[PDB]
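**Q**
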Amino acid sequence: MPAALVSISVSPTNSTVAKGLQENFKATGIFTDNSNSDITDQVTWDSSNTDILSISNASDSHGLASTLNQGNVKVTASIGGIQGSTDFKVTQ
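The sequence shown begins at 225 in this note's numbering and counts up one residue at a time.
1. Buried or exposed: where does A282 fall if 16 or more other Cβ atoms within 10 Å of its Cβ makes it buried?
2. Could I get the ranges of all uninterrupted alpha helix (DSSP H) runs contained in the region 266–298, with 4 residues as the minimum, in chain order?
3. Across which residues does DSSP place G253 in a beta bridge pair?
4. Would you grab the beta carbon distance between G253 and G304 for me? Rounded to a whole angstrom, and I think it's under 8 Å.
5. Where does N238 fall in DSSP's three states?
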């Protein structure tokens with residue numbers, strides 16, 4: 225039978241990094257049926273994109289974002305019902 229989400233465990237990083245830097249992302253979805261699943265809905269991450277950045281979170285399961293701009297980017301993703309947000313600042 226169908227179920228309804230409840231919450232998700234996301235460990236976003238709100239900091240700044242020098243030109244060229246990537247980080248792994250992981251999110252776990254939780255259902256009201258006490259049944260938790262990992263990236264069940266495939267948490268899709270996206271960046272505001274300032275200069276040139278690419279994020280790949282489908283290599284197998286774990287997520288990964290790589291920035292390469294000279295400013296501030298906004299990393300946001302959504303999974304199932306719950307979603308999260310992160311702030312990243314890439315310098316020169």
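Cβ atoms here follow ideal geometry from the backbone N, Cα and C, with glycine treated the same way.
**A** Answer, in terms of the structure:
1. With fewer than 16 other Cβ atoms within 10 Å, it is exposed.
2. Entirely contained in the region 266–298, not one alpha helix (DSSP H) run reaches 4 residues.
3. Residue pairing from DSSP places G253 in a beta bridge opposite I232, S261.
4. With a Cβ gap of about 5 Å, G253 and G304 count as contacting.
5. DSSP, reduced to helix, strand and coil, places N238 outside both helices and strands of the structure shown, so it counts as coil.
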